[PDB]
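[1] Provided hereafter are the protein sequence and its experimental coordinates.
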Amino acid sequence: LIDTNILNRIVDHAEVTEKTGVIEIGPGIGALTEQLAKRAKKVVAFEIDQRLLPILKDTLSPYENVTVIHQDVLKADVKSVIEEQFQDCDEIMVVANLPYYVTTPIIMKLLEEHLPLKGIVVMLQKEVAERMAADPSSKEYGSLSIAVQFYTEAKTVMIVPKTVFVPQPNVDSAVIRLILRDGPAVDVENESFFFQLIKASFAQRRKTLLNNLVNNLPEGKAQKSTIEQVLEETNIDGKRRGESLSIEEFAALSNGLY
Amino acid sequence: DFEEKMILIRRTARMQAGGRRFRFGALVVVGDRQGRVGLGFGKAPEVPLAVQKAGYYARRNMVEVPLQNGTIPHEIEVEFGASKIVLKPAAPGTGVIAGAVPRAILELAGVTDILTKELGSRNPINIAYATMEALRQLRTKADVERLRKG
Amino acid sequence: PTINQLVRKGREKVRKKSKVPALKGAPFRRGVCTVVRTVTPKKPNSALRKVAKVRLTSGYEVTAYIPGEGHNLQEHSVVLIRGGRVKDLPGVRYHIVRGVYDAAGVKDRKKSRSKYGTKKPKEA
Amino acid sequence: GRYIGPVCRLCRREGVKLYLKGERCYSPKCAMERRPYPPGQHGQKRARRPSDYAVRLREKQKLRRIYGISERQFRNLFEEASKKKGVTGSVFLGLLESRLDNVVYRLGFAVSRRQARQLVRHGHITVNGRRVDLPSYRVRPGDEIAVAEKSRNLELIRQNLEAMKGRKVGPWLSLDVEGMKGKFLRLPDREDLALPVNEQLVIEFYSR
RNA sequence: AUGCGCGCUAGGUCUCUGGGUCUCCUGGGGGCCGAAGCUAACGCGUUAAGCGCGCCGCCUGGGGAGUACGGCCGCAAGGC
RNA sequence: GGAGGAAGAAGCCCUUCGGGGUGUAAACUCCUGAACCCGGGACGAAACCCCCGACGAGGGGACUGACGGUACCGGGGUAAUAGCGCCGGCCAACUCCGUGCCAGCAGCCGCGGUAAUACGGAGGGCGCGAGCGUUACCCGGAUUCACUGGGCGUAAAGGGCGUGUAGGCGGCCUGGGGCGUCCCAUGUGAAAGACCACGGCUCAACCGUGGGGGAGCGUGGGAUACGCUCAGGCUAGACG
Ligand SMILES: [Zn+2]
């Protein structure tokens, strides 16, 4: 349970309109979904408890916008539901609250499936929120930043102090907005190869990029000199750490010697 | 601005025409950890109402503690009914040495270093009242000088 | 009382009375059972409690409670007796330690093995 | 015999990021980035308001697990600190820092305290040009702590201190990376550290 | 169900018994309401159960029990 | 053992049958090497005794180690013991299954007759750790023998009253004594233990050096405010 005025602020920062539709994940009791139905047009809920469901079935009886789908959020064809339910709305948003452990995988899935959205608004966790929206030359800059800027433009709209919760949590919270762009920032010859390269690059923070690339990559040892030469032709320093590089810097390397 | 914690919740009963009627009492201390404290006792049919009423009462029965280096200016012993409280100043880096009720009262007052003791009857309500009375009866060097010399 | 009265008479000191006379200021004693039987608790409780009438090394006859799930005490078993009062039983002030002389630690305990004998069960 | 076993379990119980593992607790796998709730079956269940005793015990436990000493040694250090002159809290914190394992960790020879203990134990570390192999050794202001001559060529130490290049050490310590050595300047102040601990709670805990 | 002596701390009213410059003033007793104060409360409150000083007697949870043994007193019951 | 190590391997338990808990623990990669094997190897031991001295103070000469081939050094070296109590409140830490005032638990309150976070088992979790619990004894909490620091109308507690012995206590104004009282100096208050500082065993326990503190008592010298005593005066207590 959260104070009734904060949820208003998150919904406002979602720029919800009487025309837009919203996908909400894990309503629980159903605070958020309530304060959506009002200003929204069509609310769809993916939720699997059978325990807090009677509470949820009740709380939404007033409205006729909200609908409940008793399906796994991860084991769902999001395309199918998005096309099926929303044949009338102009634009679509996603506003939800995620239950810690499985927060990153959901966002990753929704982004990789390139659903026709405008943006994602989630509470997430403060640390995760910071990690998502980071400039190239930060301290917390990492793989997650690459993964999210590859699909959207991300920024934290506000911060939620750990004090506003009745059950006092151990960690803080934030609110992040992720506006989808009309196509990826940079073309890739192979999205998979890009993903493995990104994960291999930021394996060890302290070590220089060249060592990480040579060691971490499964067949990097087989072709060591090739990596050095391709890096050299790109005008990127081996002795430089991978942290400083921007998206385009990595993209050129991803092109590299595929 | 004021933060709140509970001293105790109790449920009392009264007889009626074939049955029992239960009323809840709450003891509430409020403070700011700056040298101001308040205590209240709220009686209501329901627990939330009792808490609200107790806080409401405490917000007016207000006491300023003359703190200095986060400790009491001088020792004091105070009797309320059959309860006795003893408070003594402490050097910096000692900590609040008290029972539940005295610790709760003193922490909100901004007191950081004190040695306390409870004597006689140890009923929470009377201990709390004794603590408040002892806090009200504290003076500094300046006050004593003003009264004496003028 | 007046200070003169304090000088004249002073203050009496209280003497603690031992709750375990039989042990005679010893942690444990060795005894032999004479009667092994069961008794019933006071009004609030209702069960059958195993009690042994033990003759100790000291010239005392006492009743000791037998804890556990089951015992193997005959009328000639050498036992070790320990301090500890059983409230509901009116007259027993002593306990029997399991797995010492003739009493064996009760079988297949798994949680509280420090008490009740019970060498650790070796599990493959 | 120190506490050996799961680590980030404590990260969690304590509800605060205790850096007890090294650089893993800097990645997205600190076990506080994920699943940041108390360990166990009943980890996600509404928590009853903590008692004063519970609060004090938890604060005391937090501290103890940051430095990884026993209860016995912790109590002895507390008793020693209380007896001395000055604020008990500051003196107590000062004493815990002077642990040789603490210091070698702080200087950056190790990424964790658990391996700083190993390096000091195995005789890789020297004090005043003499081998010392005891994690509980207390260093005074003005002691020189270096790596043994025999251990200079080990890849672990080189990799560890290479990452230390171009990063400021604590104000109460001095380091020379080139010579692979360091000097203890003075006892650290209360503010100089940043341990997420309210020492007053520990003092009151031990007061009872 | 309140040990004795002394000192201090607002008054009002009824009554017993003295003395004066006689409608009042000043002593010594017996009660009732009540300042401050004390008490867990009932209540006490210049006749204190308030503020103090001096001296004596007594208490250390209930029952067993004012019981058992011993001693002293008494003709006995019995008492300490 | 250390670092790295999955949106999370099996087994077990729970489940709303969607997963979530054990859990970076593990499995694996890299790394350091308790034990163990070789080569050295102690401090504790310089005197007694002889050599010129003088038979002295001075200077030279050897002999002597139970501990022990131990501690400790120099190389080579393998991931190489974890248990115990508790989880209703006091008091930190919750869910299933077995039994149904039975078997039991219990330090107090009490729990057990179909839900029981209180018995037994399992999963999980707290606390300590080569230790952990139990019993016996002492102090504390106990201001519960109350000097500091309690009380006696009704909770236990005013003698059934008077006279009075010993004892305890005692008005104000000057003096003498200086017994109590206070102060100064000095002797003692052994060594070890307690405190502080420094130092030696790789640190600490342990030990060493130094510095004080210390209730009390003896001796010598000071003060007279209060208690005491010896002198004198007063009327406010008391007596006539
Ligand atoms: Zn962590």
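    Noted; the coordinates are in hand. Numbering: from 1, shown residues only, chains lettered A, B, ... in the order given.
[2] hey, let's count contacts and neighbours off CA atoms from now on
    Will do.
[3] what are the phi and psi values at the closest residue to residue D:163 other than its chain neighbours?
    Nearest residue to residue D:163 in three dimensions, chain neighbours excluded: residue A:206, at 5.6 Å (CA to CA, 6 or more residues apart in numbering or on different chains). Dihedral pair for residue A:206: phi -70, psi -40, per degrees, to the nearest 10.
[4] equivalent analysis for residue D:99, please.
    According to degrees, to the nearest 10, residue D:99 has phi -60, psi 130.
[5] what's around it, how many residues?
    Per other CA atoms under 10 Å in any protein chain shown, the neighbour tally for residue D:99 reads 20.
[6] leaving out the residues flanking it, which one is nearest to it?
    In space, residue D:99 is closest to residue D:138, 5.0 Å off (CA to CA, 6+ apart).
[7] quick one: that neighbour from residue D:85, how far?
    Distance, residue D:138 to residue D:85, by CA to CA, to the nearest Å: 18 Å.
[8] cool, residue C:5 as well?
    Distance, residue C:5 to residue D:85, using CA to CA: 45 Å.
[9] same deal with residue D:172?
    Residue D:172 is 21 Å from residue D:85, by CA to CA.
[10] which of the three states applies to the residue of chain D found nearest the ion?
    Nearest residue of chain D to the ion (CA to the ion) works out as residue D:30 at 3.7 Å. Secondary structure for residue D:30, judged by DSSP: H, G, I helix; E, B strand; the rest coil, is coil.
[11] that one reaches residue D:8, doesn't it?
    Yes. Here residue D:30 reaches residue D:8: they are 7.0 Å apart, a contact under CA atoms under 8 Å.
[12] returning to what we had before: what's around the residue nearest to residue D:99, how many residues?
    15.
[13] do you know how far it is from residue D:75?
    Look at residue D:138 and residue D:75: by CA to CA, they are 16 Å apart.
[14] how about residue D:52?
    Look at residue D:52 and residue D:75: by CA to CA, they are 20 Å apart.
[15] what does residue A:87 give?
    Residue A:87 is 69 Å from residue D:75, by CA to CA.
[16] which of these two has more neighbours?
    A side-by-side neighbour count of residue A:87 and residue D:75, using other CA under 10 Å, places residue D:75 first with 13 against 8.
[17] which phi and psi does the more buried one have?
    Dihedral angles for residue D:75 - degrees, to the nearest 10 - are phi -70, psi -40.
[18] report the contact partners of residue D:63.
    residue D:197 (CA atoms under 8 Å, 6 or more residues apart in numbering or on different chains).
[19] now name the helix or strand holding it.
    Taking DSSP states H and E as the definition, residue D:63 sits inside helix D:52-67.
[20] tell me how far that helix is from the chain's mean position?
    Computed by CA atoms, centre = their mean, to the nearest Å, the chain-centroid distance of helix D:52-67 equals 15 Å.
[21] for the ion, tell me whether it is touching it.
    No. Helix D:52-67 stays clear of the ion (CA under 5 Å from the ion), getting no nearer than 11.5 Å.
[22] in that helix, which of the residues would be classed as buried?
    D:56, D:57, D:58, D:59, D:60, D:61, D:62, D:63, D:65, D:66, D:67 (16 or more other CA atoms under 10 Å in any protein chain shown).
[23] how about stretch A:37-44?
    Counting neighbours by 16+ other CA under 10 Å, stretch A:37-44 gives A:37, A:39, A:40, A:41, A:42, A:43, A:44 as buried.
[24] likewise stretch C:111-123?
    C:116, C:117, C:118.
[25] equivalent analysis for stretch D:124-139, please.
    Here stretch D:124-139 shows D:124, D:125, D:126, D:127, D:131, D:132, D:133, D:134, D:135, D:136, D:139 as buried, counting by 16+ other CA under 10 Å.
[26] got the end-to-end distance for it?
    First-to-last residue span, stretch D:124-139, CA to CA: 17 Å.
[27] who touches that stretch?
    D:95, D:98-101, D:117, D:119-123, D:143-148, D:150-151, D:184.
[28] check whether that stretch contacts RNA strand F.
    Yes. Using CA under 7 Å from any atom of the strand, stretch D:124-139 reaches RNA strand F at D:131, D:132, D:133, D:134, D:136, D:137, D:138.
[29] that concludes my questions; thank you for your assistance.
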